[PDB]
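Data block for work25.txt (compact mmCIF, C-alpha atoms and all ligand atoms):
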# COMPACT_ATOMS: atom_id res chain seq x y z
CA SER A 10 -10.31 -16.13 28.41
CA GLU A 11 -7.55 -14.46 26.29
CA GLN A 12 -7.91 -17.09 23.48
CA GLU A 13 -11.77 -16.69 23.44
CA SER A 14 -11.27 -12.90 22.85
CA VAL A 15 -9.04 -13.46 19.75
CA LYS A 16 -11.55 -15.96 18.22
CA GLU A 17 -14.51 -13.52 18.70
CA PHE A 18 -12.47 -10.59 17.23
CA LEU A 19 -11.43 -12.71 14.17
CA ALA A 20 -15.04 -13.95 13.60
CA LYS A 21 -16.36 -10.33 13.58
CA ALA A 22 -13.41 -9.18 11.40
CA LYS A 23 -14.15 -11.94 8.80
CA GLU A 24 -17.82 -10.86 8.70
CA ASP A 25 -16.80 -7.18 8.21
CA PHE A 26 -14.33 -8.14 5.42
CA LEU A 27 -16.75 -10.43 3.46
CA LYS A 28 -19.46 -7.77 3.42
CA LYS A 29 -17.12 -5.04 2.02
CA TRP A 30 -15.51 -7.64 -0.28
CA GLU A 31 -18.94 -8.59 -1.76
CA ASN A 32 -20.10 -4.99 -2.31
CA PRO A 33 -16.98 -2.74 -2.68
CA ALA A 34 -17.23 1.05 -2.26
CA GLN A 35 -16.76 2.97 -5.56
CA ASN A 36 -16.48 6.68 -6.60
CA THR A 37 -16.30 8.23 -3.09
CA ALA A 38 -14.50 11.47 -4.17
CA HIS A 39 -13.44 13.60 -7.21
CA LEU A 40 -10.04 14.95 -8.45
CA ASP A 41 -11.22 18.64 -8.21
CA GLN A 42 -11.53 18.15 -4.37
CA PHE A 43 -7.72 17.89 -3.99
CA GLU A 44 -4.60 20.03 -4.27
CA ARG A 45 -1.31 18.34 -5.35
CA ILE A 46 1.65 19.06 -3.05
CA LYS A 47 4.52 16.74 -4.18
CA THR A 48 5.28 13.41 -5.97
CA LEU A 49 6.17 10.96 -3.15
CA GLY A 50 6.82 7.82 -5.20
CA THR A 51 7.06 6.59 -8.79
CA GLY A 52 7.08 3.29 -10.73
CA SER A 53 5.40 1.14 -13.43
CA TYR A 54 2.05 1.29 -11.49
CA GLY A 55 2.03 5.09 -11.97
CA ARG A 56 2.78 7.43 -9.04
CA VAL A 57 2.01 8.45 -5.42
CA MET A 58 1.46 12.11 -4.65
CA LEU A 59 1.01 14.01 -1.40
CA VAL A 60 -2.43 15.72 -1.76
CA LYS A 61 -4.49 18.21 0.32
CA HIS A 62 -8.28 17.69 0.56
CA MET A 63 -9.60 21.27 -0.21
CA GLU A 64 -12.63 21.31 2.18
CA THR A 65 -10.90 19.85 5.26
CA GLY A 66 -7.23 20.82 4.74
CA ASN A 67 -6.42 17.12 5.45
CA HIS A 68 -3.36 15.55 3.73
CA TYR A 69 -3.45 12.17 1.94
CA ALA A 70 -1.18 10.08 -0.30
CA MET A 71 -2.84 9.64 -3.73
CA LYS A 72 -1.81 6.70 -5.89
CA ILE A 73 -2.59 7.53 -9.56
CA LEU A 74 -2.61 4.74 -12.19
CA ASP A 75 -2.80 5.46 -15.95
CA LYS A 76 -5.59 3.08 -17.27
CA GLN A 77 -3.93 2.70 -20.72
CA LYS A 78 -0.54 1.73 -19.16
CA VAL A 79 -2.29 -0.70 -16.71
CA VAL A 80 -3.96 -2.47 -19.72
CA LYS A 81 -0.62 -2.41 -21.67
CA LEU A 82 1.33 -3.91 -18.73
CA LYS A 83 -1.48 -6.55 -18.21
CA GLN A 84 -2.09 -5.35 -14.64
CA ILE A 85 -5.94 -4.98 -14.81
CA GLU A 86 -6.70 -7.91 -12.39
CA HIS A 87 -3.73 -6.91 -10.16
CA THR A 88 -5.10 -3.30 -9.99
CA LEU A 89 -8.73 -4.26 -9.36
CA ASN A 90 -7.77 -6.88 -6.72
CA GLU A 91 -5.41 -4.41 -4.95
CA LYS A 92 -8.25 -1.88 -4.53
CA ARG A 93 -10.99 -4.43 -3.74
CA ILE A 94 -8.84 -5.96 -0.92
CA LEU A 95 -7.73 -2.59 0.50
CA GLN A 96 -11.27 -1.16 0.76
CA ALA A 97 -12.42 -4.42 2.56
CA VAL A 98 -9.66 -4.66 5.25
CA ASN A 99 -9.45 -2.94 8.68
CA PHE A 100 -6.45 -3.44 11.03
CA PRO A 101 -4.21 -0.87 12.85
CA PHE A 102 -1.03 -1.87 10.90
CA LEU A 103 -2.66 -1.76 7.46
CA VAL A 104 -2.71 1.51 5.44
CA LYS A 105 -6.27 2.88 5.15
CA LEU A 106 -7.81 3.53 1.67
CA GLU A 107 -9.78 6.78 2.40
CA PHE A 108 -11.37 7.24 -1.03
CA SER A 109 -11.22 5.87 -4.55
CA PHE A 110 -12.44 7.15 -7.97
CA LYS A 111 -11.58 7.19 -11.65
CA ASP A 112 -11.77 9.67 -14.57
CA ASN A 113 -11.31 9.41 -18.39
CA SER A 114 -7.56 8.55 -18.11
CA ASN A 115 -6.79 7.54 -14.48
CA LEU A 116 -7.63 5.41 -11.37
CA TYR A 117 -7.19 7.08 -7.98
CA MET A 118 -6.56 5.58 -4.55
CA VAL A 119 -6.57 8.16 -1.79
CA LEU A 120 -4.68 6.64 1.12
CA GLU A 121 -3.88 7.67 4.62
CA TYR A 122 -0.63 9.72 4.56
CA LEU A 123 2.40 8.31 6.41
CA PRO A 124 4.81 11.22 6.95
CA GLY A 125 7.45 9.04 8.61
CA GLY A 126 8.34 7.56 5.19
CA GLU A 127 9.49 4.01 4.37
CA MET A 128 11.20 1.63 6.87
CA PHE A 129 13.61 1.04 3.94
CA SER A 130 15.17 4.57 4.23
CA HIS A 131 15.42 4.46 8.05
CA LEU A 132 17.01 0.97 7.94
CA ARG A 133 19.62 1.91 5.28
CA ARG A 134 20.41 5.18 7.16
CA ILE A 135 20.85 3.55 10.59
CA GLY A 136 22.54 0.49 9.02
CA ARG A 137 20.84 -2.13 11.25
CA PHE A 138 18.20 -2.05 14.03
CA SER A 139 18.92 -3.41 17.52
CA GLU A 140 17.00 -6.60 18.53
CA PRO A 141 14.32 -4.83 20.73
CA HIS A 142 13.83 -2.26 17.83
CA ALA A 143 13.55 -5.09 15.21
CA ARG A 144 11.27 -7.00 17.68
CA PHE A 145 8.79 -4.12 17.93
CA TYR A 146 8.32 -3.94 14.10
CA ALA A 147 8.32 -7.81 13.80
CA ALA A 148 5.48 -8.10 16.45
CA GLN A 149 3.23 -5.76 14.39
CA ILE A 150 3.87 -7.89 11.30
CA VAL A 151 2.98 -11.09 13.22
CA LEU A 152 -0.39 -9.59 14.33
CA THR A 153 -1.05 -8.24 10.77
CA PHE A 154 -0.38 -11.70 9.16
CA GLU A 155 -2.54 -13.35 11.84
CA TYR A 156 -5.37 -10.93 10.78
CA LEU A 157 -4.77 -11.31 6.95
CA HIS A 158 -4.40 -15.10 7.06
CA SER A 159 -7.67 -15.43 9.10
CA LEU A 160 -9.37 -13.73 6.12
CA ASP A 161 -7.72 -16.26 3.70
CA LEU A 162 -5.47 -13.48 2.45
CA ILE A 163 -1.78 -14.00 1.51
CA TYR A 164 0.35 -10.80 1.40
CA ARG A 165 3.24 -11.96 -0.89
CA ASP A 166 5.39 -8.81 -0.91
CA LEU A 167 6.78 -8.30 2.59
CA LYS A 168 9.93 -6.14 2.58
CA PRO A 169 11.13 -2.87 4.25
CA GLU A 170 10.04 -1.04 1.00
CA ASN A 171 6.33 -1.97 1.76
CA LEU A 172 6.39 -0.78 5.35
CA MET A 173 6.01 2.79 6.47
CA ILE A 174 6.34 4.54 9.82
CA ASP A 175 3.46 6.64 11.16
CA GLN A 176 3.50 9.66 13.55
CA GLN A 177 3.48 7.34 16.64
CA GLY A 178 6.48 5.37 15.31
CA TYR A 179 4.18 2.38 14.56
CA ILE A 180 4.37 0.62 11.17
CA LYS A 181 1.90 0.25 8.33
CA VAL A 182 1.91 -2.36 5.60
CA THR A 183 1.32 -0.56 2.26
CA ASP A 184 1.39 -2.20 -1.22
CA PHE A 185 -1.55 -4.59 -1.71
CA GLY A 186 -0.66 -5.29 -5.37
CA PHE A 187 0.45 -8.87 -4.64
CA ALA A 188 -2.17 -9.61 -1.92
CA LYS A 189 -4.49 -12.52 -2.81
CA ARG A 190 -7.56 -14.41 -1.55
CA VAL A 191 -6.28 -18.01 -1.17
CA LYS A 192 -8.54 -20.70 0.39
CA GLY A 193 -6.19 -23.63 -0.48
CA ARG A 194 -3.20 -23.15 -2.81
CA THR A 195 -1.69 -20.72 -5.32
CA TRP A 196 1.02 -21.13 -8.03
CA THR A 197 1.75 -17.57 -9.32
CA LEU A 198 5.40 -16.49 -9.53
CA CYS A 199 5.38 -13.19 -7.63
CA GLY A 200 7.17 -11.23 -4.88
CA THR A 201 10.68 -9.76 -4.53
CA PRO A 202 13.68 -12.12 -5.12
CA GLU A 203 15.39 -11.68 -1.67
CA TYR A 204 12.05 -12.35 0.07
CA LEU A 205 10.91 -15.39 -1.96
CA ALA A 206 10.23 -18.69 -0.10
CA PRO A 207 12.08 -21.72 -1.69
CA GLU A 208 8.72 -23.30 -2.76
CA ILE A 209 7.90 -20.22 -4.94
CA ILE A 210 11.41 -20.37 -6.57
CA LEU A 211 10.95 -24.15 -7.02
CA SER A 212 7.63 -23.51 -8.90
CA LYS A 213 5.61 -25.50 -6.33
CA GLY A 214 2.00 -24.94 -5.25
CA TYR A 215 2.15 -22.75 -2.15
CA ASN A 216 0.18 -21.15 0.67
CA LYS A 217 0.32 -18.54 3.51
CA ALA A 218 3.58 -20.17 4.84
CA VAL A 219 5.43 -18.04 2.19
CA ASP A 220 4.53 -14.98 4.39
CA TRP A 221 6.13 -16.55 7.49
CA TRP A 222 9.35 -17.27 5.48
CA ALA A 223 9.27 -13.55 4.33
CA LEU A 224 8.91 -12.54 8.02
CA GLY A 225 12.15 -14.50 8.67
CA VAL A 226 13.86 -12.54 5.84
CA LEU A 227 12.50 -9.19 7.19
CA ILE A 228 13.67 -9.91 10.78
CA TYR A 229 17.08 -10.99 9.51
CA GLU A 230 17.40 -7.78 7.35
CA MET A 231 16.24 -5.51 10.18
CA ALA A 232 18.69 -7.07 12.68
CA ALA A 233 21.76 -7.54 10.37
CA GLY A 234 21.31 -4.55 8.03
CA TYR A 235 21.45 -6.83 4.95
CA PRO A 236 19.20 -9.80 3.81
CA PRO A 237 20.15 -13.48 4.54
CA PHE A 238 20.36 -14.19 0.75
CA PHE A 239 21.89 -11.60 -1.56
CA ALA A 240 23.85 -11.54 -4.85
CA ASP A 241 24.19 -9.31 -7.95
CA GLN A 242 21.46 -11.06 -10.00
CA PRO A 243 18.09 -12.68 -8.98
CA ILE A 244 19.23 -16.14 -10.31
CA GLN A 245 22.20 -16.16 -7.86
CA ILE A 246 19.85 -15.06 -5.03
CA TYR A 247 17.46 -18.03 -5.76
CA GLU A 248 20.33 -20.60 -5.62
CA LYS A 249 21.21 -19.34 -2.10
CA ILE A 250 17.54 -19.56 -0.97
CA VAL A 251 17.10 -23.19 -2.18
CA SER A 252 20.48 -24.14 -0.60
CA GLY A 253 19.06 -22.72 2.67
CA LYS A 254 22.53 -22.33 4.23
CA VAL A 255 22.02 -19.25 6.43
CA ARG A 256 24.94 -17.52 8.19
CA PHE A 257 24.06 -15.29 11.13
CA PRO A 258 26.11 -12.23 12.26
CA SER A 259 28.05 -12.90 15.55
CA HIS A 260 26.00 -10.15 17.31
CA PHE A 261 22.69 -12.13 16.73
CA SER A 262 21.41 -13.52 20.09
CA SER A 263 20.73 -17.30 20.45
CA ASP A 264 16.94 -16.65 20.75
CA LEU A 265 17.11 -14.66 17.47
CA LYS A 266 19.05 -17.37 15.50
CA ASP A 267 16.65 -20.07 16.83
CA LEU A 268 13.51 -18.15 15.70
CA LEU A 269 15.21 -17.43 12.33
CA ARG A 270 16.13 -21.12 11.80
CA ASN A 271 12.41 -21.92 12.41
CA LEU A 272 11.11 -19.24 9.99
CA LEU A 273 13.89 -19.66 7.37
CA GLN A 274 12.83 -23.35 7.22
CA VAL A 275 12.87 -25.00 3.73
CA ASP A 276 10.67 -27.87 5.05
CA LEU A 277 7.01 -26.85 5.14
CA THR A 278 6.18 -29.41 7.86
CA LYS A 279 8.71 -27.73 10.24
CA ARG A 280 8.36 -23.95 9.43
CA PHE A 281 6.91 -21.79 12.27
CA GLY A 282 3.49 -20.33 11.45
CA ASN A 283 2.65 -23.46 9.35
CA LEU A 284 2.53 -26.09 12.16
CA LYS A 285 -0.34 -27.38 14.41
CA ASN A 286 -0.31 -24.38 16.87
CA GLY A 287 -0.12 -21.95 13.89
CA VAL A 288 0.82 -18.32 14.80
CA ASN A 289 1.28 -19.25 18.53
CA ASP A 290 4.64 -21.00 17.74
CA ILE A 291 5.97 -17.55 16.78
CA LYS A 292 4.08 -15.53 19.43
CA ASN A 293 5.28 -17.79 22.25
CA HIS A 294 8.91 -18.07 21.00
CA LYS A 295 11.66 -16.96 23.48
CA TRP A 296 12.69 -14.02 21.27
CA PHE A 297 9.17 -12.52 21.78
CA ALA A 298 8.98 -13.31 25.57
CA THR A 299 9.10 -9.60 26.58
CA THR A 300 6.43 -8.78 23.91
CA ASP A 301 3.05 -7.75 25.32
CA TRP A 302 0.92 -8.65 22.22
CA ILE A 303 -2.22 -6.79 23.46
CA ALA A 304 -0.18 -3.64 24.28
CA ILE A 305 1.36 -3.71 20.73
CA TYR A 306 -2.11 -4.17 19.10
CA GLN A 307 -3.59 -1.39 21.36
CA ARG A 308 -0.55 0.79 20.45
CA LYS A 309 0.28 1.32 24.19
CA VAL A 310 4.00 0.33 23.79
CA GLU A 311 6.47 3.24 23.46
CA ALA A 312 7.93 3.02 19.94
CA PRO A 313 11.80 2.71 19.87
CA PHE A 314 11.98 5.42 17.17
CA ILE A 315 9.58 8.32 16.54
CA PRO A 316 10.19 10.25 13.26
CA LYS A 317 10.80 14.04 13.28
CA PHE A 318 7.29 15.62 13.25
CA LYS A 319 7.12 18.98 11.44
CA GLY A 320 3.50 19.48 10.34
CA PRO A 321 0.75 17.16 9.04
CA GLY A 322 1.83 17.59 5.39
CA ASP A 323 5.60 17.51 6.11
CA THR A 324 7.61 15.69 3.29
CA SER A 325 11.19 15.60 4.75
CA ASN A 326 11.16 11.72 4.92
CA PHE A 327 10.62 11.27 1.15
CA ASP A 328 12.96 11.43 -1.86
CA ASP A 329 12.46 14.11 -4.58
CA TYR A 330 11.06 13.02 -7.97
CA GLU A 331 10.40 14.79 -11.26
CA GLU A 332 7.06 16.65 -11.02
CA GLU A 333 5.09 15.34 -13.98
CA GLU A 334 1.74 16.64 -15.25
CA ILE A 335 -1.56 14.86 -14.54
CA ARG A 336 -3.16 14.64 -17.96
CA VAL A 337 -6.88 13.78 -18.17
CA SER A 338 -8.00 12.85 -21.70
CA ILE A 339 -11.16 14.33 -23.28
CA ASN A 340 -11.93 10.69 -24.29
CA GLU A 341 -12.87 7.91 -21.82
CA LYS A 342 -10.14 5.26 -21.91
CA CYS A 343 -10.53 1.56 -20.91
CA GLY A 344 -14.12 2.00 -19.61
CA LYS A 345 -15.10 -1.70 -19.71
CA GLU A 346 -11.86 -3.11 -18.12
CA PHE A 347 -12.10 -0.86 -15.01
CA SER A 348 -15.92 -0.96 -14.61
CA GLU A 349 -15.78 -2.31 -10.99
CA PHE A 350 -13.10 0.21 -9.74
CA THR B 5 32.92 -8.85 5.55
CA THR B 6 29.28 -9.76 4.72
CA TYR B 7 28.11 -6.07 4.97
CA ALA B 8 30.99 -5.00 2.65
CA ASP B 9 29.97 -7.61 0.02
CA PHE B 10 26.33 -6.29 0.23
CA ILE B 11 27.29 -2.53 0.17
CA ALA B 12 29.59 -2.92 -2.84
CA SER B 13 26.80 -4.90 -4.63
CA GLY B 14 24.12 -3.55 -6.96
CA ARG B 15 21.17 -4.48 -4.69
CA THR B 16 21.34 -1.93 -1.82
CA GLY B 17 18.57 0.26 -3.31
CA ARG B 18 14.75 -0.27 -3.33
CA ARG B 19 14.02 -3.66 -4.86
CA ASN B 20 11.31 -4.28 -7.46
CA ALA B 21 8.90 -7.19 -7.44
CA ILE B 22 9.48 -9.72 -10.27
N1 LIG A 401 0.59 6.15 2.28
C1 LIG A 401 1.68 6.90 2.01
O1 LIG A 401 2.00 7.87 2.71
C2 LIG A 401 2.49 6.54 0.80
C3 LIG A 401 3.60 7.32 0.47
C4 LIG A 401 4.45 6.95 -0.57
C5 LIG A 401 4.18 5.82 -1.32
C6 LIG A 401 3.05 5.06 -0.99
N2 LIG A 401 2.55 3.90 -1.56
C7 LIG A 401 1.40 3.58 -0.88
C8 LIG A 401 0.54 2.44 -1.25
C9 LIG A 401 -0.48 2.02 -0.40
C10 LIG A 401 -1.33 0.98 -0.76
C11 LIG A 401 -1.16 0.34 -1.98
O2 LIG A 401 -1.99 -0.70 -2.30
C12 LIG A 401 -0.14 0.73 -2.83
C13 LIG A 401 0.71 1.77 -2.47
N3 LIG A 401 1.14 4.44 0.11
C14 LIG A 401 2.16 5.39 0.08

Reformat the file's structure so that it appears as structure tokens.
Amino acid sequence: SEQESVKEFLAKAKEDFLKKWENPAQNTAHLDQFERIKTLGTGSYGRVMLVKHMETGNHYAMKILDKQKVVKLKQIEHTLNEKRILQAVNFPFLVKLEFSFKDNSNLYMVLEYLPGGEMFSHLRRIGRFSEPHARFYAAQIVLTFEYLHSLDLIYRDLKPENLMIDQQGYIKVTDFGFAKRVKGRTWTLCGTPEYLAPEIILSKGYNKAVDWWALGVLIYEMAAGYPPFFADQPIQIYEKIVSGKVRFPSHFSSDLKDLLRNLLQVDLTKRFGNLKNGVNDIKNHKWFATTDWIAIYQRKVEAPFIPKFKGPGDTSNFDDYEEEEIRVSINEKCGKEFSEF
Amino acid sequence: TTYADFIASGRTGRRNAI
């Protein structure tokens, strides 16, 4: 039975997660084991660098956080939770944390390198994705949220910026900074304005249904080339979200608009993914009728777009950033705060 | 058009979390 298979898989996956969650892996590498190639990304968190593991010649993306800045920006819990979740999860569409360690000044997350770059760049370059192209990425998100939500995990930051394309043209969810273990409800104001569910904006207690609303935003942005709610300032974006009046481009198929009306649903008792049949309301929708869910999960489906492969450490799909020094203090900074990292 | 409104706006780049 196909439904008996999913239940057994999820039961084993929960058991694997709880074990790693209870006793997280720590200090599984050292900085001297790597060679820096190029800064791939920057921000308040710190930076992401393409690195080369000296012994193997293998390439990885290394996220480096400055402990002092993390403490100053009050992101200690956010940083610890990001790493604790990432080392405990295992799914084909989730970025793998290969190693983690810390020194006197920094925290290091060595992640699987995704040379295809961000979906964001590909989407802005092409303008908009066709419906079968958008469908292929959407299907991977559906299976990822089904996995995360079974572990009582809410993602909270779905957007093309947090999705990256691998060598096979398959996607990977990246940033686990806003991911949270939620048994019942949560109230924290977090996520990206364009992707926020009305209940977050309205300061209500919320759950995993916020991720299904964000899926509706993602699908709309992939298909149209722009989000369903946009404006110059976040405040003006929020007013559009709470209004809920969605306009669809004329090129959107009827099956697409229908699915979108059910995901971009203000009423929590009517939003797909949040009803009696849970994820199956989405999986069995007409828009996903040509989707072979097992073939997507098993990565057997031919991707609609395969990025230009030019070596394992190729950086052509990333923007250039100022190459800043990696300073390591002689003095141990914030030792107590990052004890569990 | 809707795309034109978006393109001319200040939110076409990578968006930060709040
Ligand atoms: N994996 C990459 O190739 C990569 C490249 C550029 C920026 C990146 N940010 C992340 C990432 C992953 C997990 C996480 O909790 C936070 C950030 N991974 C990359």

Exercise for review: Return as JSON, numbers by chain the residues belonging to chain A that are within 12 Å of chain B, counting only C-alpha atoms.
Suggested key: {"A": [50, 51, 52, 53, 54, 127, 128, 129, 130, 132, 133, 134, 136, 137, 165, 166, 167, 168, 169, 170, 171, 184, 186, 187, 197, 198, 199, 200, 201, 202, 203, 204, 205, 209, 210, 230, 233, 234, 235, 236, 237, 238, 239, 240, 241, 242, 243, 244, 246, 256, 257, 258, 259, 328]}

Store the residues picked out above in a file with C-alpha atoms, as a PDB file, in the frame of the given file.
ATOM      1  CA  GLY A  50       6.820   7.820  -5.200  1.00  0.00           C
ATOM      2  CA  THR A  51       7.060   6.590  -8.790  1.00  0.00           C
ATOM      3  CA  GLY A  52       7.080   3.290 -10.730  1.00  0.00           C
ATOM      4  CA  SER A  53       5.400   1.140 -13.430  1.00  0.00           C
ATOM      5  CA  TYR A  54       2.050   1.290 -11.490  1.00  0.00           C
ATOM      6  CA  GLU A 127       9.490   4.010   4.370  1.00  0.00           C
ATOM      7  CA  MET A 128      11.200   1.630   6.870  1.00  0.00           C
ATOM      8  CA  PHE A 129      13.610   1.040   3.940  1.00  0.00           C
ATOM      9  CA  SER A 130      15.170   4.570   4.230  1.00  0.00           C
ATOM     10  CA  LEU A 132      17.010   0.970   7.940  1.00  0.00           C
ATOM     11  CA  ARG A 133      19.620   1.910   5.280  1.00  0.00           C
ATOM     12  CA  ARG A 134      20.410   5.180   7.160  1.00  0.00           C
ATOM     13  CA  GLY A 136      22.540   0.490   9.020  1.00  0.00           C
ATOM     14  CA  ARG A 137      20.840  -2.130  11.250  1.00  0.00           C
ATOM     15  CA  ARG A 165       3.240 -11.960  -0.890  1.00  0.00           C
ATOM     16  CA  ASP A 166       5.390  -8.810  -0.910  1.00  0.00           C
ATOM     17  CA  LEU A 167       6.780  -8.300   2.590  1.00  0.00           C
ATOM     18  CA  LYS A 168       9.930  -6.140   2.580  1.00  0.00           C
ATOM     19  CA  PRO A 169      11.130  -2.870   4.250  1.00  0.00           C
ATOM     20  CA  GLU A 170      10.040  -1.040   1.000  1.00  0.00           C
ATOM     21  CA  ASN A 171       6.330  -1.970   1.760  1.00  0.00           C
ATOM     22  CA  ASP A 184       1.390  -2.200  -1.220  1.00  0.00           C
ATOM     23  CA  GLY A 186      -0.660  -5.290  -5.370  1.00  0.00           C
ATOM     24  CA  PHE A 187       0.450  -8.870  -4.640  1.00  0.00           C
ATOM     25  CA  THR A 197       1.750 -17.570  -9.320  1.00  0.00           C
ATOM     26  CA  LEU A 198       5.400 -16.490  -9.530  1.00  0.00           C
ATOM     27  CA  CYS A 199       5.380 -13.190  -7.630  1.00  0.00           C
ATOM     28  CA  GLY A 200       7.170 -11.230  -4.880  1.00  0.00           C
ATOM     29  CA  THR A 201      10.680  -9.760  -4.530  1.00  0.00           C
ATOM     30  CA  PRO A 202      13.680 -12.120  -5.120  1.00  0.00           C
ATOM     31  CA  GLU A 203      15.390 -11.680  -1.670  1.00  0.00           C
ATOM     32  CA  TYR A 204      12.050 -12.350   0.070  1.00  0.00           C
ATOM     33  CA  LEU A 205      10.910 -15.390  -1.960  1.00  0.00           C
ATOM     34  CA  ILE A 209       7.900 -20.220  -4.940  1.00  0.00           C
ATOM     35  CA  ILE A 210      11.410 -20.370  -6.570  1.00  0.00           C
ATOM     36  CA  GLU A 230      17.400  -7.780   7.350  1.00  0.00           C
ATOM     37  CA  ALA A 233      21.760  -7.540  10.370  1.00  0.00           C
ATOM     38  CA  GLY A 234      21.310  -4.550   8.030  1.00  0.00           C
ATOM     39  CA  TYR A 235      21.450  -6.830   4.950  1.00  0.00           C
ATOM     40  CA  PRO A 236      19.200  -9.800   3.810  1.00  0.00           C
ATOM     41  CA  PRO A 237      20.150 -13.480   4.540  1.00  0.00           C
ATOM     42  CA  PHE A 238      20.360 -14.190   0.750  1.00  0.00           C
ATOM     43  CA  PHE A 239      21.890 -11.600  -1.560  1.00  0.00           C
ATOM     44  CA  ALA A 240      23.850 -11.540  -4.850  1.00  0.00           C
ATOM     45  CA  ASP A 241      24.190  -9.310  -7.950  1.00  0.00           C
ATOM     46  CA  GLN A 242      21.460 -11.060 -10.000  1.00  0.00           C
ATOM     47  CA  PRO A 243      18.090 -12.680  -8.980  1.00  0.00           C
ATOM     48  CA  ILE A 244      19.230 -16.140 -10.310  1.00  0.00           C
ATOM     49  CA  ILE A 246      19.850 -15.060  -5.030  1.00  0.00           C
ATOM     50  CA  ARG A 256      24.940 -17.520   8.190  1.00  0.00           C
ATOM     51  CA  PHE A 257      24.060 -15.290  11.130  1.00  0.00           C
ATOM     52  CA  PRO A 258      26.110 -12.230  12.260  1.00  0.00           C
ATOM     53  CA  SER A 259      28.050 -12.900  15.550  1.00  0.00           C
ATOM     54  CA  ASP A 328      12.960  11.430  -1.860  1.00  0.00           C
TER      55      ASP A 328
END

Exercise for review: Return as number ranges by chain every polymer residue, whether protein, DNA or RNA, with at least one atom no more than 10 Å from an atom of ligand LIG 401 (chain A); count all atoms listed in the file.
Suggested key: A: 48-51, 54, 56-59, 68-73, 88, 90-96, 103-106, 118-127, 170-175, 181-188, 324, 326-328

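As for atom CA of residue A:158 and atom CA of residue A:284, they are spaced 14.0 Å apart.
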
Practice item. Could you jot down the atom CA of residue A:102 to atom CA of residue A:263 separation for me, Å, one decimal place? Key: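 Rounded to one decimal, the two atoms are 28.3 Å apart.
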
Check your understanding: Mind pulling up the distance from atom CA of residue A:83 to atom CA of residue A:221?
Key ->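 These two atoms are separated by 28.6 Å.
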
**Study point:** Within 12 Å of file point (12.4, -11.3, 20.6), counting all atoms listed in the file, expressed as a PyMOL selection string
**Key:** chain A and resi 139-148+151+228+232+261-269+291-302

Keeping only C-alpha atoms, write the selected residues as a short mmCIF file (atom, residue, chain, number, x, y, z; two decimals), keeping the file's coordinate frame.
data_model
loop_
_atom_site.label_atom_id
_atom_site.label_comp_id
_atom_site.auth_asym_id
_atom_site.auth_seq_id
_atom_site.Cartn_x
_atom_site.Cartn_y
_atom_site.Cartn_z
CA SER A 139 18.92 -3.41 17.52
CA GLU A 140 17.00 -6.60 18.53
CA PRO A 141 14.32 -4.83 20.73
CA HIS A 142 13.83 -2.26 17.83
CA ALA A 143 13.55 -5.09 15.21
CA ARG A 144 11.27 -7.00 17.68
CA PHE A 145 8.79 -4.12 17.93
CA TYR A 146 8.32 -3.94 14.10
CA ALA A 147 8.32 -7.81 13.80
CA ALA A 148 5.48 -8.10 16.45
CA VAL A 151 2.98 -11.09 13.22
CA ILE A 228 13.67 -9.91 10.78
CA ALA A 232 18.69 -7.07 12.68
CA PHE A 261 22.69 -12.13 16.73
CA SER A 262 21.41 -13.52 20.09
CA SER A 263 20.73 -17.30 20.45
CA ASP A 264 16.94 -16.65 20.75
CA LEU A 265 17.11 -14.66 17.47
CA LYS A 266 19.05 -17.37 15.50
CA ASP A 267 16.65 -20.07 16.83
CA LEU A 268 13.51 -18.15 15.70
CA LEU A 269 15.21 -17.43 12.33
CA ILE A 291 5.97 -17.55 16.78
CA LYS A 292 4.08 -15.53 19.43
CA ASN A 293 5.28 -17.79 22.25
CA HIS A 294 8.91 -18.07 21.00
CA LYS A 295 11.66 -16.96 23.48
CA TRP A 296 12.69 -14.02 21.27
CA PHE A 297 9.17 -12.52 21.78
CA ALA A 298 8.98 -13.31 25.57
CA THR A 299 9.10 -9.60 26.58
CA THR A 300 6.43 -8.78 23.91
CA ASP A 301 3.05 -7.75 25.32
CA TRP A 302 0.92 -8.65 22.22
#
